[PDB]
Every structure is written in structure tokens, then in C-alpha cells.
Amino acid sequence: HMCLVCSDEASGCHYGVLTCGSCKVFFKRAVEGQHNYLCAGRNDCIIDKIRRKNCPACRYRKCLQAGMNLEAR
């Protein structure tokens, strides 16, 4: 299938969730770092393969929403 956050081609199941590799490192980066991002829209940006980069705020919300956590295993 495709990633459950961004719809790119998934690379397997990471931090609990079928994601592609990019969202994997992105989530890892967001959780261990700061993630104080601001949405420039209405906190419901569409996170597809190109737009992934537009809004880290919504991208991270979606990661959370889909269930990602560092302690999956």
C-alpha cells in the first residue's frame, strides 16, 4: 500500500504505522526535536507527496492521528 499519512509508497510499518520512509524519519525528527510548527491554513492541510513539505504542523498531526509512537515495540 501507501503511507497512511502522506500516500507516497509505504516502505513497511514504522512506529506502529504503515508509512513511507520519509514520514518515518519526519515523525522521528518531530518527536525527538521541537515540532513547534504553525499551520498557514486551517489545520487541515492535504498531506500528499508534494504537499508533505508545505505543512509540517498538519503532517505531524496526521502522524499522531494515525497512531505513531516511538515505543511501538
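The first residue of the sequence shown is number 1, and the count goes up from there. The term rigid core refers to the maximal set of C-alpha atoms that superpose within 1.5 Å between the two forms.
Stretch farther from the shown model on average in 5 other deposited structures of this protein, with CA RMS computed after core superposition (43 to 51, 28 to 36): When 43 to 51 and 28 to 36 are compared in 5 other deposited structures of this protein, 28 to 36 lies farther out.
Farther-lying stretch by C-alpha RMS in 5 other deposited structures of this protein, rigid core as reference, of 4 to 12 and 64 to 72: Per-stretch check in 5 other deposited structures of this protein: the more divergent one is 64 to 72.
Average Cα temperature factor in the PDB entry - higher stretch of 22 to 30, 44 to 52: The stretch with the larger mean CA B-factor is 44 to 52.
Of 3 to 11 and 62 to 70, the stretch whose C-alpha atoms average the higher B-factor in the entry: If you average the C-alpha B-factors of 3 to 11 and of 62 to 70, the larger mean comes out for 3 to 11.
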